[PDB]
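Q: Attaching a single structure in structure tokens format; questions to follow.
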Amino acid sequence: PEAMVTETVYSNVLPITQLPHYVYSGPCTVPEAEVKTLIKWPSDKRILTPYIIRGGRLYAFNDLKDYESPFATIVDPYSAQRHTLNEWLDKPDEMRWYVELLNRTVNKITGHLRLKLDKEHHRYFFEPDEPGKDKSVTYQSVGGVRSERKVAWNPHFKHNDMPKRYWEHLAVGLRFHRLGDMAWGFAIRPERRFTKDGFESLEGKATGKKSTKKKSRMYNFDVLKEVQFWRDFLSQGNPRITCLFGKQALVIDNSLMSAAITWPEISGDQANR
Amino acid sequence: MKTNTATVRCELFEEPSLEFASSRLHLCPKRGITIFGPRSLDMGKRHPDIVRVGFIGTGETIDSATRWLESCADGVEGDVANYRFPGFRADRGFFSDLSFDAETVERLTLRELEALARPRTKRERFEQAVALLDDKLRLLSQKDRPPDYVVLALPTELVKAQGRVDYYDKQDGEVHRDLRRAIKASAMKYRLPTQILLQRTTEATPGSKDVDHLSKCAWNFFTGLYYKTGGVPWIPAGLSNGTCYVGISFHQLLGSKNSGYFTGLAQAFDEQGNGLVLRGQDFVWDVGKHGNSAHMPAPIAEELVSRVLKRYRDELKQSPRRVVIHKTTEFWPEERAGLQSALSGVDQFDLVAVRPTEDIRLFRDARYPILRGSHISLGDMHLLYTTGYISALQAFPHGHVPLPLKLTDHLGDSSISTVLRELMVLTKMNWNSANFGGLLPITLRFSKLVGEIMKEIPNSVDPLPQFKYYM
RNA sequence: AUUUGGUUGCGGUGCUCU
DNA sequence: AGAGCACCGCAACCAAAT
Ligand SMILES: [Mn+2]
């Protein structure tokens, strides 16, 4: 309490600066275990095609109203209603379909990055390309500096010995949040997933020990670096996590939501901004 | 669609002070007992001058716990990261004396520890374990001078086999029973505040892991020993004069086939100049009430707060000025009408719903975490740091990064900053430990402790409203 | 169970659809 | 008998905290 110092704090959420604002309904749909003849993969591969089948519809973003649609020229020929986000914002049930379409959207975004989904804990974890070998990914930061982190490493034992026979895959806990009437957030949670020799998960009890032994000495400087590494991996340069659908865009501005707080200072830290 | 970006606005809350001896304010609970002393030291004859301690250990554990309490109550040195223990004698520290009478010592003989191997399944074996642990609490409670305090120095082989028993019971499904929740409930019908003291603490060597340094093992044990034998270690300063803090928390029924969620109450109010008193759950909920969802319905909402005001107009003899209902879950509109129609006899109320969050967590570019007391608002989301780096001690006495306490819901006559100012001073009232602060307030921590023990009460036993029996 | 913080795993509930 | 989101309880192991 001897002096007040202003610091800048960094959250782990990313703002959503642009949202899809037209949900084109598909009210004639062959059920889920047939949908493979969407065909129509666009000349612009930047167009992504999420879809769900709820109540005999084909709720999607791919502009299914006109004739030449990227999604389902056979399943949904022209029948659509063009439901908006603005009329759906007051309905709790229809703001669940939208965020579930966004969850499938970021699942389809993390398909070129080759992050495999566990589909049970909502966990996007790395895996090595070739079995028995380590995966270390090279990434480009926002400021232009290029770095490289191991993400699927098998730790050799410290006393010049055989490896420790658990692979420490590095994982992320992405989730969508509503931060206002129309303000949104994209939350990044760093995590670890531990496998036997790769491609085969550990049990329920050994994972609890091996994640607590690792994430207890990971204090508030080696969690911020993982959050920064995850926004740089989801970025791959061009500092806007973008997604196109055809006249619609989901653009995530990849700057962590900062602030400024005045508090009595901490001796020995002296944060260099 | 250009979405409007959320505004991250922030403020920090000043750390509250606690009233120690001679009404002297200090921040840390550890340092305010060394300099001044416990709060009840001059408050009257409520200070325990002589504490009589009994044991229900075996032969070896009683001797180990006795030499631990004689090499631990006379001052334990600490390093720079652990503040030292002054002592538990009549001239050091808490200014109270421990006295080991040899008449109030029960003993788990070896003919009885092997009698709980004869039953076949895991149900009757655990039931006989709770049976003799209840019987030797009974034999201490029926003496002409019962002890002020009972230390169950349980052997390792009993705790390893019957400490946590899970089985299948036909119509109930997978049932998980705990020894600690089954002997703090059997010690409550005999009115004996107890303390389980395993061999991992009394036999712990210096420079060994999985236990604290002996300074913190002294502090967290003897603060609880000082509160459980009567008297109060510390009371806060910045609190109101008529608030009736309620701490409602929901709990599953005992069994994997019984679907339902009952409640747990915790009154935390102020009685004259004695400071905070912690009452809760004089009754047991009827088996036909339940509640299918996680929340609670409207007749339960009208009965519960009626019994809250009945407890307030029996010890303070006034209607409460404010009723602040902290709760773990959100407020549904079924239970929002019923905590408002039945609070018409109280001027102001504050239906508050907090819960620690999952993914959102603010970080800092330095090496130490963001402080305790921050109030980060991400638009409509409100995040309070009851855990973090503390500016009074200049240390982070935990691991990893602290979780935010998200304010999930609020409705009432108070602001958000006012009730989150009261929540941070209600955080510091965990008399179980001599720590600086925790995550949940004591209203939501005592009522996660009373409903876990209501799952191990045989119906006709009326539970007792003290913080001693549930600690 | 001296103690708190956090991690991991499992399950439950509300709502919508098949 | 499943799918999805949003939100809760509780049981095991860790580590003493830069
Ligand atoms: Mn205790």
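Q: Treating cross-link reach as a plain straight distance, find the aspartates and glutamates whose alpha-carbon is under 16 Å from the alpha-carbon of residue A:215, omitting any fewer than eight places away in the same chain.
A: Straight-distance partners of residue A:215: A:168, A:191, A:226, B:358, B:359.
Q: Something else now. Evaluate peptide B:377-385: per residue, the Cβ atoms of other protein chains within 10 Å of its Cβ; return the mean as an integer. Working shown, then result.
A: On the way: counts 2, 9, 10, 5, 7, 0, 1, 0, 0.
Across the residues of B:377-385, the mean count of other-chain Cβ atoms within 10 Å is 4.
Q: If you take each beta carbon of peptide A:5-13 and count the beta carbons of other chains within 10 angstrom, what is the mean?
A: Going residue by residue through A:5-13 and averaging, the value is 5.
Q: May I pose another question? Can you put B:134, B:74 in order of Cβ neighbours within 10 angstrom, beginning with the fewest?
A: Ascending Cβ contact count within 10 Å gives the list B:74, B:134.
Q: Determine the distance separating the Cα centre of segment A:80-124 from the Cα centre of segment A:238-273; give it in Å without decimals.
A: 22 Å
Q: Hey, another quick one. Projected onto the charge dipole of chain B (+1 at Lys/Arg Cβ, -1 at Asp/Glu Cβ, origin at the Cα centre), which of B:176, B:340, B:65 gives the Cα projection farthest towards the positive end?
A: It is B:176.
Q: Taking +1 at the Cβ of each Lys and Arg and -1 at the Cβ of each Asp and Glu, which of A:1, A:147, B:115 sits farthest along the dipole of the protein assembly as shown towards its positive end, judged by Cα position relative to the Cα centre?
A: A:147
Q: Okay, moving on. State, as an integer percentage, the relative contact order of segment B:238-456 based on alpha-carbon contacts under 8 Å between residues 6 or more apart. Walk me through the numbers on the way to the answer.
A: Working: 398 pairs, mean separation 49.5, N = 219.
Reported as a whole number, the value is 23 percent.
Q: Let me ask something else. Is there a quick way to get the dipole size of segment B:238-456? I mean about its Cα centre, with the Cβ of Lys and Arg at +1 and of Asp and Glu at -1; what is the value in debye to the nearest 20?
A: Magnitude of the dipole: close to 480 debye.
Q: Any idea what angle helix A:224-235 forms with the longest principal axis of chain A, computed on alpha-carbon atoms, 0 to 90 degrees, nearest 10?
A: The angle comes out at about 30 degrees.
Q: If you don't mind, another one. Tell me the net charge near residue B:163. Cut-off is 9 Å between Cβ atoms, residue B:163 excluded, with +1 for each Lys or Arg and -1 for each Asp or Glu.
A: Charge balance in the 9 Å sphere: +2.
Q: Another question about this same structure. Which log10 I(q)/I(0) values, to two decimals, does segment A:1-107 give at q = 0.14, 0.15, 0.19, 0.21 Å⁻¹ under the Debye formula with one point per Cα?
A: Taken in order of the listed q values, log10 I(q)/I(0) reads -0.60, -0.67, -1.01, -1.20.
Q: P(r) for the protein assembly as shown, please, calculated from all Cα pair distances in 10 Å bins and given in %.
A: 2, 12, 18, 23, 21, 14, 7, 3, 1, 0
Q: Here is a further query. By the gyration tensor of its Cα atoms, with a ≥ b ≥ c the square roots of the eigenvalues, what is the shape of chain A: rounded for a/c under 1.5, prolate for a/b over b/c, or oblate?
A: oblate
Q: When the expected Rg is taken as 2.2 N^0.38 Å, what fraction or multiple of it is the alpha-carbon Rg of segment B:80-178?
A: 1.50
Q: Roughly what would the spin-label model give for residue A:21 and residue B:252, points 7 Å off Cα along C-beta, in nm?
A: 4.5 nm
Q: Turning to a different aspect of this structure: Using the Cα centre of segment B:238-456 as origin and beta-carbon charges of +1 (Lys, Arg) and -1 (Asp, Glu), tell me which of B:412, B:368, B:402 is placed farthest towards the positive end of the dipole.
A: Of the listed residues, the answer is B:368.
Q: Here's a follow-up. Taking every DSSP beta bridge with both residues inside segment B:238-456, roughly what % is antiparallel (nearest 5)?
A: 70 percent
Q: Of all DSSP beta bridges in segment B:48-228, what percent run antiparallel (nearest 5)?
A: Among the beta bridges of segment B:48-228, antiparallel pairing accounts for roughly 40 percent.
Q: Which whole number in µm²/s is D for segment A:115-235 by Stokes-Einstein, with the Kirkwood Rh taken over Cα pairs at 37 °C and 0.692 mPa s?
A: Using the Kirkwood radius from Cα pairs, D works out to 208 µm²/s.
Q: Follow-up question, since we're still on this one. Go through segment B:176-191 residue by residue and turn each phi into a ³J(HN,Hα) via Karplus (6.51, -1.76, 1.60, θ = phi - 60°); whole Hz please, and just put x for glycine and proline.
A: 10, 10, 10, 6, 5, 6, 9, 10, 7, 8, 7, 7, 8, 6, 10, 6
Q: Using a Cα distance threshold of under 17 Å, what count of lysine pairs results for segment B:238-456 when pairs must be 8 or more residues apart or interchain?
A: Working: B:257/B:289; B:257/B:455; B:289/B:455; B:327/B:406; B:327/B:448; B:428/B:448.
Within segment B:238-456, the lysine pair count is 6.
Q: Something else now. Rg and Dmax of segment B:48-228, using alpha carbons, in Å: what are they?
A: So, for segment B:48-228, Rg and Dmax equal 17.7, 58 Å respectively.
Q: Here's something else I'd like to know. Under the definition of partner shielding as Cβ atoms of other protein chains within 10 Å of a residue Cβ, what is the mean value for peptide B:387-399?
A: For this peptide, the per-residue mean of nearby foreign Cβ atoms is 2.
Q: Stick to Cα atoms and the Kirkwood definition of Rh, then tell me Rg/Rh for segment B:238-456.
A: 0.97
Q: I've got another one for you. Given the rule -39500 (n - 2.57) for each run of at least 4 DSSP H residues, summed and divided by the residues of chain B, what is its mean residue ellipticity at 222 nm, to the nearest 500 deg cm²/dmol? Numbers along the way, then the final one.
A: Values: 13 runs with 111 residues, N = 471.
The helix contribution divided over chain B gives -6500 deg cm²/dmol.
Q: Using a Förster radius of 25 Å, what is the FRET efficiency between residue A:30 and residue A:89 based on their Cβ-Cβ separation? Nearest 0.05, please.
A: 0.25
Q: Give, rounded to the nearest 20 debye, the magnitude of the charge dipole that segment A:46-188 has about its Cα centre when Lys and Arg contribute +1 at Cβ and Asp and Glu contribute -1 at Cβ.
A: It works out to roughly 500 debye.
Q: Same structure again: Counting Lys and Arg as +1 and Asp and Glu as -1, each charge on the Cβ, what is the dipole of the protein assembly as shown about the Cα centre in debye, to the nearest 20?
A: Details: 103 positive and 91 negative charges, 235 e Å.
Using Cβ point charges on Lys, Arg, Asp and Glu, the protein assembly as shown gives about 1120 debye.
Q: Here is a follow-up. Could you work out Rg/(2.2 N^0.38 Å) for segment B:255-366, with Rg from alpha carbons only?
A: On the way: Rg = 16.7 Å, N = 112, 2.2 N^0.38 = 13.2 Å.
That ratio works out to 1.27.
Q: Tell me, in nm to one decimal, what length is gained between residue B:340 and residue B:174 on full extension, where the rule is 0.36 nm per residue of separation less the Cα-Cα distance? Don't skip to the end; give the middle numbers.
A: On the way: separation 166, 0.36 × 166 = 59.76 nm, distance 3.81 nm.
Full-extension gain reported as 55.9 nm.
Coordinate-derived values only; no laboratory data. Virtual Cβ from ideal backbone geometry, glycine too; neighbours counted across all protein chains shown.
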